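Single-structure report; data block below.
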Amino acid sequence: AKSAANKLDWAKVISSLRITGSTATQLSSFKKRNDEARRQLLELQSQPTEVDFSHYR
Amino acid sequence: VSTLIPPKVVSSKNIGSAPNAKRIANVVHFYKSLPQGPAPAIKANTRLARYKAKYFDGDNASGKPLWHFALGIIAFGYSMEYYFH
């Protein structure tokens with residue numbers, strides 16, 4: 001689902017003809033970008049909630 | 001927190017300043033006009049209009065009507081001078 005959203009967002013960014021002179025939509029763009037970066041960081045750095053007592057205890 | 005909306009805000013935004021000013025001028029200038037040479041109104045014969053559609057037409061309007069008018073004037077003046085002189 002994120003792939004199509006990124007595709008359309010980037011296509012809109014690169015196809016701006018009468019969509020220039022903006023101040024806050026780019027801010028929301030970086031907000032979404034850093035939100036996705038935090039998503040990826042959380043998935044790659046998922047610590048183990050339960051204690052791994054099978055091998056650690 | 002909502003993002004700006006250029007293509008969503010076009011109701012108040014027009015094409016620059018001059019193009020929208022001249023849009024009304026150019027939209028109706030081509031609306032109510034003859035398609036191609038309609039209503040020539042060439043036909044006219046009321047002595048003055050007979051001259052208009054016979055020799056005084058603007059297609060040539062050469063010196064020939066002027067020479068004919070001068071010939072008529074001198075023809076009348078010959079009789080006038082015979083009456084007077």
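For the structure tokens, the naming scheme is as follows: chains receive sequential letters (A, B, ...) according to their order of presentation, residues are indexed from 1 within each chain, and ligands are indexed from 1 in presentation order.
Within 7 Å of chain A, counting only C-alpha atoms, chain B contributes residues 3, 4, 6 and 7 of chain B.
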DSSP on the backbone: which residues in chain B end up as helix (DSSP H, G or I)? Give the answer as a ChimeraX atom specification. /B:18-29,48-54,64-84
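As for atom CA of residue 40 of chain B and atom CA of residue 27 of chain B, they are spaced 25.1 Å apart.
Atom CA of residue 7 of chain A sits 16.5 Å away from atom CA of residue 34 of chain A.
Nearest to residue 6 of chain A of all the residues A:47, A:33, A:41, A:53 is A:33, counting only C-alpha atoms.
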Work out how far apart atom CA of residue 51 of chain B and atom CA of residue 74 of chain B are and give it in Å to one decimal. 18.9 Å
